[PDB]
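Undergrad: Contents are CSV, N, CA and C atoms; file name query-v2.csv:
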chain,number,residue,atom,x,y,z
A,22,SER,N,-114.0,123.9,-66.6
A,22,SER,CA,-114.2,122.7,-65.7
A,22,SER,C,-113.4,121.5,-66.2
A,23,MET,N,-113.1,120.6,-65.3
A,23,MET,CA,-112.5,119.4,-65.7
A,23,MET,C,-113.4,118.5,-66.6
A,24,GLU,N,-114.7,118.5,-66.3
A,24,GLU,CA,-115.7,117.7,-67.1
A,24,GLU,C,-115.7,118.2,-68.6
A,25,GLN,N,-115.6,119.5,-68.8
A,25,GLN,CA,-115.5,120.1,-70.2
A,25,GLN,C,-114.2,119.7,-70.9
A,26,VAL,N,-113.1,119.7,-70.2
A,26,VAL,CA,-111.8,119.1,-70.7
A,26,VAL,C,-112.0,117.6,-71.1
A,27,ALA,N,-112.7,116.8,-70.3
A,27,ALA,CA,-112.7,115.4,-70.5
A,27,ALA,C,-113.6,115.1,-71.8
A,28,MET,N,-114.7,115.8,-71.9
A,28,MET,CA,-115.6,115.8,-73.1
A,28,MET,C,-114.8,116.2,-74.3
A,29,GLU,N,-114.0,117.3,-74.2
A,29,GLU,CA,-113.1,117.7,-75.3
A,29,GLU,C,-112.1,116.7,-75.7
A,30,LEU,N,-111.5,116.0,-74.7
A,30,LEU,CA,-110.6,114.9,-75.1
A,30,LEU,C,-111.3,113.8,-75.8
A,31,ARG,N,-112.5,113.4,-75.5
A,31,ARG,CA,-113.3,112.4,-76.1
A,31,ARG,C,-113.6,112.8,-77.6
A,32,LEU,N,-114.0,114.1,-77.8
A,32,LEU,CA,-114.2,114.7,-79.1
A,32,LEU,C,-112.9,114.6,-79.9
A,33,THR,N,-111.7,114.9,-79.3
A,33,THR,CA,-110.5,114.9,-80.0
A,33,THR,C,-110.2,113.5,-80.4
A,34,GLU,N,-110.4,112.5,-79.5
A,34,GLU,CA,-110.1,111.1,-79.9
A,34,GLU,C,-111.1,110.6,-81.0
A,35,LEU,N,-112.3,111.0,-80.9
A,35,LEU,CA,-113.3,110.7,-82.0
A,35,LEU,C,-112.8,111.2,-83.3
A,36,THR,N,-112.3,112.5,-83.2
A,36,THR,CA,-111.7,113.2,-84.4
A,36,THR,C,-110.6,112.4,-85.0
A,37,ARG,N,-109.7,111.9,-84.1
A,37,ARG,CA,-108.6,111.0,-84.6
A,37,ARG,C,-109.1,109.8,-85.3
A,38,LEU,N,-110.0,109.1,-84.7
A,38,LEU,CA,-110.5,107.8,-85.3
A,38,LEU,C,-111.3,108.2,-86.6
A,39,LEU,N,-112.1,109.2,-86.7
A,39,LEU,CA,-112.7,109.7,-87.9
A,39,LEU,C,-111.7,110.1,-89.0
A,40,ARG,N,-110.6,110.8,-88.7
A,40,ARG,CA,-109.6,111.0,-89.6
A,40,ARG,C,-109.1,109.8,-90.3
A,41,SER,N,-108.9,108.7,-89.5
A,41,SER,CA,-108.4,107.5,-90.1
A,41,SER,C,-109.5,106.8,-91.0
A,42,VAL,N,-110.7,106.8,-90.5
A,42,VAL,CA,-111.8,106.4,-91.3
A,42,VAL,C,-111.9,107.1,-92.6
A,43,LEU,N,-111.7,108.4,-92.6
A,43,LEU,CA,-111.9,109.3,-93.8
A,43,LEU,C,-110.7,108.9,-94.7
A,44,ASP,N,-109.5,108.6,-94.2
A,44,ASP,CA,-108.4,108.2,-95.1
A,44,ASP,C,-108.6,106.9,-95.8
A,45,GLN,N,-109.2,106.0,-95.0
A,45,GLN,CA,-109.5,104.7,-95.6
A,45,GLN,C,-110.6,104.7,-96.6
A,46,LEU,N,-111.6,105.6,-96.4
A,46,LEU,CA,-112.7,105.6,-97.3
A,46,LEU,C,-112.3,106.3,-98.6
A,47,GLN,N,-111.5,107.4,-98.4
A,47,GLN,CA,-111.0,108.1,-99.6
A,47,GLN,C,-110.1,107.2,-100.5
A,48,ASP,N,-109.4,106.2,-99.9
A,48,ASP,CA,-108.6,105.3,-100.7
A,48,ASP,C,-109.4,104.4,-101.6
A,49,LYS,N,-110.7,104.2,-101.3
A,49,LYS,CA,-111.6,103.5,-102.1
A,49,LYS,C,-112.2,104.2,-103.3
A,50,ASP,N,-111.6,105.4,-103.5
A,50,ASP,CA,-111.9,106.4,-104.6
A,50,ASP,C,-110.6,106.8,-105.2
A,51,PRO,N,-109.9,105.8,-105.9
A,51,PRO,CA,-108.6,106.2,-106.4
A,51,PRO,C,-108.7,107.1,-107.6
A,52,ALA,N,-109.8,107.1,-108.4
A,52,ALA,CA,-110.1,108.0,-109.4
A,52,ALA,C,-110.3,109.5,-109.0
A,53,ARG,N,-110.5,109.7,-107.7
A,53,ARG,CA,-110.7,111.0,-107.1
A,53,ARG,C,-112.0,111.7,-107.6
A,54,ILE,N,-113.0,110.9,-107.9
A,54,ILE,CA,-114.3,111.4,-108.3
A,54,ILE,C,-115.0,112.2,-107.2
A,55,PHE,N,-114.7,111.9,-106.0
A,55,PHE,CA,-115.4,112.5,-104.8
A,55,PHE,C,-114.6,113.4,-103.9
A,56,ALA,N,-113.4,113.7,-104.4
A,56,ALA,CA,-112.4,114.5,-103.7
A,56,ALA,C,-112.7,115.9,-103.4
A,57,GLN,N,-113.5,116.6,-104.4
A,57,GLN,CA,-113.8,118.0,-104.3
A,57,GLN,C,-115.3,118.3,-104.6
A,58,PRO,N,-115.8,119.5,-104.2
A,58,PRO,CA,-117.2,119.8,-104.5
A,58,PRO,C,-117.4,119.7,-106.0
A,59,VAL,N,-118.6,119.3,-106.4
A,59,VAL,CA,-119.0,119.5,-107.8
A,59,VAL,C,-118.9,121.0,-108.1
A,60,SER,N,-118.2,121.4,-109.2
A,60,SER,CA,-118.1,122.8,-109.6
A,60,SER,C,-119.4,123.4,-110.2
A,61,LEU,N,-119.9,124.5,-109.6
A,61,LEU,CA,-121.1,125.1,-110.1
A,61,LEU,C,-120.7,125.9,-111.4
A,62,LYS,N,-119.4,126.2,-111.6
A,62,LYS,CA,-119.0,126.7,-112.9
A,62,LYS,C,-119.2,125.7,-114.0
A,63,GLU,N,-118.8,124.5,-113.8
A,63,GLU,CA,-118.9,123.4,-114.8
A,63,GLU,C,-120.3,122.6,-114.8
A,64,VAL,N,-121.0,122.6,-113.7
A,64,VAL,CA,-122.4,122.0,-113.7
A,64,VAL,C,-123.3,123.0,-113.1
A,65,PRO,N,-123.7,124.1,-113.9
A,65,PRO,CA,-124.4,125.2,-113.4
A,65,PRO,C,-125.8,124.9,-112.8
A,66,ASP,N,-126.4,123.8,-113.3
A,66,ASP,CA,-127.7,123.3,-112.8
A,66,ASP,C,-127.6,122.5,-111.5
A,67,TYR,N,-126.4,122.3,-110.9
A,67,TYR,CA,-126.3,121.2,-109.9
A,67,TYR,C,-127.3,121.3,-108.8
A,68,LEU,N,-127.3,122.6,-108.3
A,68,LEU,CA,-128.1,122.8,-107.1
A,68,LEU,C,-129.6,122.8,-107.3
A,69,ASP,N,-130.1,122.8,-108.5
A,69,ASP,CA,-131.5,122.5,-108.9
A,69,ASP,C,-131.8,121.0,-108.6
A,70,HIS,N,-130.8,120.1,-108.7
A,70,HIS,CA,-130.9,118.7,-108.6
A,70,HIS,C,-130.6,118.3,-107.1
A,71,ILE,N,-129.5,118.7,-106.6
A,71,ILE,CA,-128.9,118.3,-105.4
A,71,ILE,C,-129.0,119.4,-104.4
A,72,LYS,N,-129.7,119.1,-103.3
A,72,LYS,CA,-129.9,120.2,-102.3
A,72,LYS,C,-128.8,120.3,-101.2
A,73,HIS,N,-128.1,119.2,-100.9
A,73,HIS,CA,-127.0,119.2,-99.9
A,73,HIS,C,-125.8,118.5,-100.5
A,74,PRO,N,-125.0,119.3,-101.4
A,74,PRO,CA,-123.8,118.7,-101.9
A,74,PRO,C,-122.8,118.3,-100.9
A,75,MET,N,-122.0,117.3,-101.2
A,75,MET,CA,-121.0,116.9,-100.3
A,75,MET,C,-119.8,116.3,-101.0
A,76,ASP,N,-118.6,116.3,-100.4
A,76,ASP,CA,-117.4,115.8,-101.0
A,76,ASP,C,-116.4,115.6,-99.9
A,77,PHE,N,-115.3,114.8,-100.2
A,77,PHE,CA,-114.3,114.5,-99.1
A,77,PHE,C,-113.5,115.8,-98.6
A,78,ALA,N,-113.3,116.8,-99.4
A,78,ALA,CA,-112.6,118.0,-98.9
A,78,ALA,C,-113.5,118.8,-97.9
A,79,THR,N,-114.8,118.9,-98.2
A,79,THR,CA,-115.7,119.5,-97.3
A,79,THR,C,-115.8,118.7,-96.0
A,80,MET,N,-115.8,117.4,-96.1
A,80,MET,CA,-115.9,116.6,-94.8
A,80,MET,C,-114.6,116.8,-94.0
A,81,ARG,N,-113.5,116.8,-94.7
A,81,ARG,CA,-112.2,117.1,-94.0
A,81,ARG,C,-112.1,118.4,-93.3
A,82,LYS,N,-112.6,119.5,-93.9
A,82,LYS,CA,-112.7,120.8,-93.2
A,82,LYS,C,-113.6,120.7,-91.9
A,83,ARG,N,-114.8,120.0,-92.1
A,83,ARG,CA,-115.6,119.9,-90.9
A,83,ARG,C,-114.9,119.0,-89.8
A,84,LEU,N,-114.2,118.0,-90.2
A,84,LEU,CA,-113.5,117.1,-89.3
A,84,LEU,C,-112.5,117.9,-88.5
A,85,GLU,N,-111.7,118.7,-89.2
A,85,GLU,CA,-110.5,119.4,-88.6
A,85,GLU,C,-110.9,120.5,-87.7
A,86,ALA,N,-112.1,121.0,-87.8
A,86,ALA,CA,-112.7,121.9,-86.9
A,86,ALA,C,-113.5,121.1,-85.8
A,87,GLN,N,-113.2,119.8,-85.6
A,87,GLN,CA,-113.9,118.9,-84.7
A,87,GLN,C,-115.4,119.1,-84.8
A,88,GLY,N,-116.0,119.1,-86.0
A,88,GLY,CA,-117.3,119.4,-86.2
A,88,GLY,C,-118.2,118.2,-86.3
A,89,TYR,N,-117.6,117.0,-86.2
A,89,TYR,CA,-118.5,115.7,-86.0
A,89,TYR,C,-118.6,115.3,-84.6
A,90,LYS,N,-119.7,115.4,-84.0
A,90,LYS,CA,-119.9,115.0,-82.5
A,90,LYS,C,-120.0,113.5,-82.3
A,91,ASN,N,-120.3,112.7,-83.4
A,91,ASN,CA,-120.6,111.3,-83.3
A,91,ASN,C,-120.4,110.7,-84.7
A,92,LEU,N,-120.3,109.4,-84.7
A,92,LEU,CA,-120.1,108.7,-86.0
A,92,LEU,C,-121.3,108.8,-86.9
A,93,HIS,N,-122.5,108.9,-86.4
A,93,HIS,CA,-123.7,109.1,-87.2
A,93,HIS,C,-123.6,110.3,-88.1
A,94,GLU,N,-123.2,111.4,-87.5
A,94,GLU,CA,-123.0,112.7,-88.3
A,94,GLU,C,-122.0,112.5,-89.4
A,95,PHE,N,-120.9,111.9,-89.2
A,95,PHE,CA,-119.9,111.6,-90.2
A,95,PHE,C,-120.5,110.7,-91.3
A,96,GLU,N,-121.2,109.6,-90.9
A,96,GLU,CA,-121.8,108.7,-91.9
A,96,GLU,C,-122.9,109.4,-92.7
A,97,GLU,N,-123.6,110.4,-92.1
A,97,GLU,CA,-124.6,111.1,-92.9
A,97,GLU,C,-123.9,111.8,-94.1
A,98,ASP,N,-122.8,112.4,-93.8
A,98,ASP,CA,-122.1,113.2,-94.9
A,98,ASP,C,-121.5,112.2,-95.9
A,99,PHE,N,-120.9,111.1,-95.4
A,99,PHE,CA,-120.5,110.1,-96.4
A,99,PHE,C,-121.6,109.6,-97.3
A,100,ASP,N,-122.7,109.3,-96.7
A,100,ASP,CA,-123.9,108.8,-97.5
A,100,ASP,C,-124.3,109.9,-98.5
A,101,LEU,N,-124.2,111.2,-98.2
A,101,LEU,CA,-124.6,112.3,-99.1
A,101,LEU,C,-123.7,112.2,-100.3
A,102,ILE,N,-122.4,111.9,-100.1
A,102,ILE,CA,-121.5,111.9,-101.3
A,102,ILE,C,-122.0,110.8,-102.3
A,103,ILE,N,-122.3,109.7,-101.7
A,103,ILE,CA,-122.7,108.5,-102.5
A,103,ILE,C,-124.1,108.8,-103.1
A,104,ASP,N,-125.0,109.2,-102.3
A,104,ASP,CA,-126.4,109.3,-102.7
A,104,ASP,C,-126.6,110.4,-103.7
A,105,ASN,N,-125.9,111.5,-103.5
A,105,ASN,CA,-126.0,112.7,-104.5
A,105,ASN,C,-125.6,112.2,-105.9
A,106,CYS,N,-124.5,111.5,-105.9
A,106,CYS,CA,-123.9,111.0,-107.2
A,106,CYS,C,-124.8,110.0,-107.8
A,107,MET,N,-125.4,109.1,-107.1
A,107,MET,CA,-126.3,108.1,-107.6
A,107,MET,C,-127.7,108.7,-108.1
A,108,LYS,N,-128.0,109.9,-107.6
A,108,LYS,CA,-129.2,110.6,-108.2
A,108,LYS,C,-128.8,111.4,-109.5
A,109,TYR,N,-127.8,112.2,-109.4
A,109,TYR,CA,-127.5,113.1,-110.5
A,109,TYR,C,-127.0,112.3,-111.7
A,110,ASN,N,-126.3,111.2,-111.5
A,110,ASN,CA,-125.7,110.5,-112.7
A,110,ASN,C,-126.4,109.2,-112.9
A,111,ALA,N,-126.5,108.9,-114.2
A,111,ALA,CA,-127.3,107.6,-114.6
A,111,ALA,C,-126.5,106.4,-114.2
A,112,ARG,N,-127.3,105.3,-114.1
A,112,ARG,CA,-126.7,104.0,-113.8
A,112,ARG,C,-125.5,103.5,-114.7
A,113,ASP,N,-125.6,103.9,-116.0
A,113,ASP,CA,-124.5,103.4,-117.0
A,113,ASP,C,-123.3,104.3,-117.0
A,114,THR,N,-123.1,105.2,-116.0
A,114,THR,CA,-122.0,106.1,-116.0
A,114,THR,C,-120.9,105.8,-115.1
A,115,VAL,N,-119.7,106.2,-115.4
A,115,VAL,CA,-118.5,106.0,-114.6
A,115,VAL,C,-118.7,106.6,-113.2
A,116,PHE,N,-119.4,107.7,-113.1
A,116,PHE,CA,-119.7,108.4,-111.8
A,116,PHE,C,-120.5,107.5,-110.9
A,117,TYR,N,-121.7,107.1,-111.4
A,117,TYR,CA,-122.6,106.2,-110.6
A,117,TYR,C,-121.8,105.0,-110.2
A,118,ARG,N,-121.1,104.3,-111.1
A,118,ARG,CA,-120.5,103.1,-110.8
A,118,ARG,C,-119.4,103.3,-109.7
A,119,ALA,N,-118.8,104.4,-109.8
A,119,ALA,CA,-117.7,104.7,-108.8
A,119,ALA,C,-118.3,104.9,-107.4
A,120,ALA,N,-119.5,105.5,-107.3
A,120,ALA,CA,-120.3,105.6,-106.1
A,120,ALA,C,-120.7,104.2,-105.5
A,121,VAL,N,-121.2,103.3,-106.4
A,121,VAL,CA,-121.5,102.0,-105.9
A,121,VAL,C,-120.3,101.4,-105.2
A,122,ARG,N,-119.2,101.4,-105.9
A,122,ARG,CA,-118.0,100.8,-105.4
A,122,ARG,C,-117.5,101.4,-104.1
A,123,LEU,N,-117.6,102.7,-104.0
A,123,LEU,CA,-117.3,103.4,-102.7
A,123,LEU,C,-118.2,103.0,-101.6
A,124,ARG,N,-119.5,102.9,-101.9
A,124,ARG,CA,-120.5,102.5,-100.9
A,124,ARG,C,-120.1,101.0,-100.4
A,125,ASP,N,-119.9,100.1,-101.3
A,125,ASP,CA,-119.7,98.7,-101.0
A,125,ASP,C,-118.5,98.5,-100.1
A,126,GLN,N,-117.4,99.1,-100.6
A,126,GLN,CA,-116.1,99.1,-99.9
A,126,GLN,C,-116.1,99.9,-98.6
A,127,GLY,N,-116.7,101.0,-98.6
A,127,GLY,CA,-116.8,101.9,-97.4
A,127,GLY,C,-117.6,101.2,-96.3
A,128,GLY,N,-118.5,100.3,-96.7
A,128,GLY,CA,-119.4,99.6,-95.7
A,128,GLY,C,-118.6,98.8,-94.7
A,129,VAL,N,-117.6,98.1,-95.2
A,129,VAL,CA,-116.6,97.3,-94.5
A,129,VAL,C,-116.0,98.1,-93.4
A,130,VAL,N,-115.4,99.3,-93.8
A,130,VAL,CA,-114.7,100.2,-92.9
A,130,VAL,C,-115.6,100.8,-91.8
A,131,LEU,N,-116.8,101.2,-92.2
A,131,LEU,CA,-117.7,101.8,-91.3
A,131,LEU,C,-118.3,100.8,-90.3
A,132,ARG,N,-118.4,99.6,-90.7
A,132,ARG,CA,-118.9,98.5,-89.8
A,132,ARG,C,-117.9,98.3,-88.6
A,133,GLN,N,-116.6,98.3,-88.9
A,133,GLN,CA,-115.6,98.2,-87.8
A,133,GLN,C,-115.5,99.5,-87.0
A,134,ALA,N,-115.6,100.7,-87.7
A,134,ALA,CA,-115.5,101.9,-87.0
A,134,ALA,C,-116.6,102.0,-86.0
A,135,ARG,N,-117.8,101.6,-86.3
A,135,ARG,CA,-118.9,101.6,-85.3
A,135,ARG,C,-118.6,100.7,-84.1
A,136,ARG,N,-118.0,99.6,-84.3
A,136,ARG,CA,-117.6,98.7,-83.2
A,136,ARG,C,-116.6,99.4,-82.3
A,137,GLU,N,-115.6,100.1,-82.9
A,137,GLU,CA,-114.5,100.9,-82.2
A,137,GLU,C,-115.0,102.1,-81.4
A,138,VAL,N,-115.9,102.8,-82.0
A,138,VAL,CA,-116.6,103.9,-81.3
A,138,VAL,C,-117.4,103.4,-80.1
A,139,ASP,N,-118.2,102.4,-80.3
A,139,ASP,CA,-118.9,101.8,-79.2
A,139,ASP,C,-117.9,101.2,-78.1
A,140,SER,N,-116.9,100.4,-78.6
A,140,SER,CA,-115.9,99.7,-77.7
A,140,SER,C,-115.1,100.7,-76.9
A,141,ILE,N,-114.3,101.6,-77.5
A,141,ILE,CA,-113.5,102.6,-76.8
A,141,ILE,C,-114.4,103.7,-76.1
A,142,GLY,N,-115.7,103.9,-76.5
A,142,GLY,CA,-116.6,104.8,-76.0
A,142,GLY,C,-116.5,106.1,-76.8
Kindly transcribe the structure held in the file into structure tokens.
TA:
Amino acid sequence: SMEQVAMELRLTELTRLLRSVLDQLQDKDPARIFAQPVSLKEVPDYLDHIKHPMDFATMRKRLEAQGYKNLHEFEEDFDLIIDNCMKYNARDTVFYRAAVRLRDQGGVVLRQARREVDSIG
């Protein structure tokens, strides 16, 4: 149907805008602390602590399969990256601090992305 095509074009354009958002958020992580999944070889207890691991590569796979239907879904996964790190790592650690900085800086980007998603539809 033509309606199904039009919905698919909206999903494609959302995907475009989320790819740009993802690039911008990832730049706020120059140390690359959040680039890849936490290794279960190197942190064998991780899944005892963290039930829903997340990282930028995993988000990028979901994005490229057009697996985010709305901004809320995408923000949920970003929040898991931050929140998981802030639970597993203590306040005095480079990891925790990196997550705080990513959250603070990412907030700016996400605030305007919400306006753009509402605005363009």
Undergrad: Could you give me, as a ChimeraX atom specification, the residues within 6.5 Å of segment 35-48 of chain A, counting only N, CA and C atoms and dropping anything in the same chain fewer than 2 positions from it?
TA: /A:30-33,50-51,84,87,127
Undergrad: Please report, as a tab-separated table, each residue of segment 94-135 of chain A lying at most 8 Å from segment 52-57 of chain A, together with the nearest pair of atoms and the separation in Å rounded to one decimal; use all atoms listed in the file, and order rows by chain and ascending residue number.
TA:
residue	atom	partner	partner_atom	distance
A:102	CA	A:55	CA	7.1
A:116	CA	A:54	CA	7.1
A:119	CA	A:54	CA	7.5
A:120	N	A:54	CA	7.9
Undergrad: What residues in chain A get the DSSP label alpha helix (DSSP H)? Please answer as a VMD selection string.
TA: chain A and resid 23 to 47 67 to 70 77 to 85 92 to 109 115 to 141
Undergrad: Hey, what's within 7 Å of segment 105-108 of chain A if we count all atoms listed in the file and toss same-chain stuff fewer than 5 positions away? As a PyMOL selection string, please?
TA: chain A and resi 71+74-75+100+116-117+120
Undergrad: So how far away is atom C of residue 94 of chain A from atom N of residue 73 of chain A, in Å?
TA: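 Value for the atom N of residue 73 of chain A-atom C of residue 94 of chain A distance: 14.6 Å.
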Undergrad: Since the input is missing atoms, can you rebuild N, CA, C and O atoms for segment 65-85 of chain A and write them as a PDB file, in the frame of the given file?
TA:
ATOM      1  N   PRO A  65    -123.700 124.100-113.900  1.00  0.00           N
ATOM      2  CA  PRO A  65    -124.400 125.200-113.400  1.00  0.00           C
ATOM      3  C   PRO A  65    -125.800 124.900-112.800  1.00  0.00           C
ATOM      4  O   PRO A  65    -126.223 125.591-111.945  1.00  0.00           O
ATOM      5  N   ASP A  66    -126.400 123.800-113.300  1.00  0.00           N
ATOM      6  CA  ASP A  66    -127.700 123.300-112.800  1.00  0.00           C
ATOM      7  C   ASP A  66    -127.600 122.500-111.500  1.00  0.00           C
ATOM      8  O   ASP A  66    -128.674 122.085-110.990  1.00  0.00           O
ATOM      9  N   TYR A  67    -126.400 122.300-110.900  1.00  0.00           N
ATOM     10  CA  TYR A  67    -126.300 121.200-109.900  1.00  0.00           C
ATOM     11  C   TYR A  67    -127.300 121.300-108.800  1.00  0.00           C
ATOM     12  O   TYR A  67    -127.838 120.390-108.324  1.00  0.00           O
ATOM     13  N   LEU A  68    -127.300 122.600-108.300  1.00  0.00           N
ATOM     14  CA  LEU A  68    -128.100 122.800-107.100  1.00  0.00           C
ATOM     15  C   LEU A  68    -129.600 122.800-107.300  1.00  0.00           C
ATOM     16  O   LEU A  68    -130.336 122.684-106.320  1.00  0.00           O
ATOM     17  N   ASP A  69    -130.100 122.800-108.500  1.00  0.00           N
ATOM     18  CA  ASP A  69    -131.500 122.500-108.900  1.00  0.00           C
ATOM     19  C   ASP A  69    -131.800 121.000-108.600  1.00  0.00           C
ATOM     20  O   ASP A  69    -132.895 120.645-108.388  1.00  0.00           O
ATOM     21  N   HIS A  70    -130.800 120.100-108.700  1.00  0.00           N
ATOM     22  CA  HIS A  70    -130.900 118.700-108.600  1.00  0.00           C
ATOM     23  C   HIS A  70    -130.600 118.300-107.100  1.00  0.00           C
ATOM     24  O   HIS A  70    -131.314 117.504-106.517  1.00  0.00           O
ATOM     25  N   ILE A  71    -129.500 118.700-106.600  1.00  0.00           N
ATOM     26  CA  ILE A  71    -128.900 118.300-105.400  1.00  0.00           C
ATOM     27  C   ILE A  71    -129.000 119.400-104.400  1.00  0.00           C
ATOM     28  O   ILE A  71    -128.339 120.457-104.500  1.00  0.00           O
ATOM     29  N   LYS A  72    -129.700 119.100-103.300  1.00  0.00           N
ATOM     30  CA  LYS A  72    -129.900 120.200-102.300  1.00  0.00           C
ATOM     31  C   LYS A  72    -128.800 120.300-101.200  1.00  0.00           C
ATOM     32  O   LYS A  72    -128.633 121.399-100.593  1.00  0.00           O
ATOM     33  N   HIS A  73    -128.100 119.200-100.900  1.00  0.00           N
ATOM     34  CA  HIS A  73    -127.000 119.200 -99.900  1.00  0.00           C
ATOM     35  C   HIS A  73    -125.800 118.500-100.500  1.00  0.00           C
ATOM     36  O   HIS A  73    -125.538 117.296-100.275  1.00  0.00           O
ATOM     37  N   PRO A  74    -125.000 119.300-101.400  1.00  0.00           N
ATOM     38  CA  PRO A  74    -123.800 118.700-101.900  1.00  0.00           C
ATOM     39  C   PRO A  74    -122.800 118.300-100.900  1.00  0.00           C
ATOM     40  O   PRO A  74    -122.746 118.943 -99.718  1.00  0.00           O
ATOM     41  N   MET A  75    -122.000 117.300-101.200  1.00  0.00           N
ATOM     42  CA  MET A  75    -121.000 116.900-100.300  1.00  0.00           C
ATOM     43  C   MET A  75    -119.800 116.300-101.000  1.00  0.00           C
ATOM     44  O   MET A  75    -119.933 115.857-102.122  1.00  0.00           O
ATOM     45  N   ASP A  76    -118.600 116.300-100.400  1.00  0.00           N
ATOM     46  CA  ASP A  76    -117.400 115.800-101.000  1.00  0.00           C
ATOM     47  C   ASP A  76    -116.400 115.600 -99.900  1.00  0.00           C
ATOM     48  O   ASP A  76    -116.550 116.099 -98.786  1.00  0.00           O
ATOM     49  N   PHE A  77    -115.300 114.800-100.200  1.00  0.00           N
ATOM     50  CA  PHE A  77    -114.300 114.500 -99.100  1.00  0.00           C
ATOM     51  C   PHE A  77    -113.500 115.800 -98.600  1.00  0.00           C
ATOM     52  O   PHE A  77    -113.178 115.825 -97.371  1.00  0.00           O
ATOM     53  N   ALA A  78    -113.300 116.800 -99.400  1.00  0.00           N
ATOM     54  CA  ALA A  78    -112.600 118.000 -98.900  1.00  0.00           C
ATOM     55  C   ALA A  78    -113.500 118.800 -97.900  1.00  0.00           C
ATOM     56  O   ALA A  78    -113.007 119.282 -96.881  1.00  0.00           O
ATOM     57  N   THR A  79    -114.800 118.900 -98.200  1.00  0.00           N
ATOM     58  CA  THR A  79    -115.700 119.500 -97.300  1.00  0.00           C
ATOM     59  C   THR A  79    -115.800 118.700 -96.000  1.00  0.00           C
ATOM     60  O   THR A  79    -115.829 119.353 -94.962  1.00  0.00           O
ATOM     61  N   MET A  80    -115.800 117.400 -96.100  1.00  0.00           N
ATOM     62  CA  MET A  80    -115.900 116.600 -94.800  1.00  0.00           C
ATOM     63  C   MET A  80    -114.600 116.800 -94.000  1.00  0.00           C
ATOM     64  O   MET A  80    -114.615 116.936 -92.792  1.00  0.00           O
ATOM     65  N   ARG A  81    -113.500 116.800 -94.700  1.00  0.00           N
ATOM     66  CA  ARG A  81    -112.200 117.100 -94.000  1.00  0.00           C
ATOM     67  C   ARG A  81    -112.100 118.400 -93.300  1.00  0.00           C
ATOM     68  O   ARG A  81    -111.665 118.524 -92.162  1.00  0.00           O
ATOM     69  N   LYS A  82    -112.600 119.500 -93.900  1.00  0.00           N
ATOM     70  CA  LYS A  82    -112.700 120.800 -93.200  1.00  0.00           C
ATOM     71  C   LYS A  82    -113.600 120.700 -91.900  1.00  0.00           C
ATOM     72  O   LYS A  82    -113.198 121.155 -90.859  1.00  0.00           O
ATOM     73  N   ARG A  83    -114.800 120.000 -92.100  1.00  0.00           N
ATOM     74  CA  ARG A  83    -115.600 119.900 -90.900  1.00  0.00           C
ATOM     75  C   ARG A  83    -114.900 119.000 -89.800  1.00  0.00           C
ATOM     76  O   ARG A  83    -114.884 119.446 -88.612  1.00  0.00           O
ATOM     77  N   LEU A  84    -114.200 118.000 -90.200  1.00  0.00           N
ATOM     78  CA  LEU A  84    -113.500 117.100 -89.300  1.00  0.00           C
ATOM     79  C   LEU A  84    -112.500 117.900 -88.500  1.00  0.00           C
ATOM     80  O   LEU A  84    -112.348 117.781 -87.321  1.00  0.00           O
ATOM     81  N   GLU A  85    -111.700 118.700 -89.200  1.00  0.00           N
ATOM     82  CA  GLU A  85    -110.500 119.400 -88.600  1.00  0.00           C
ATOM     83  C   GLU A  85    -110.900 120.500 -87.700  1.00  0.00           C
ATOM     84  O   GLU A  85    -110.158 120.872 -86.791  1.00  0.00           O
TER      85      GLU A  85
END
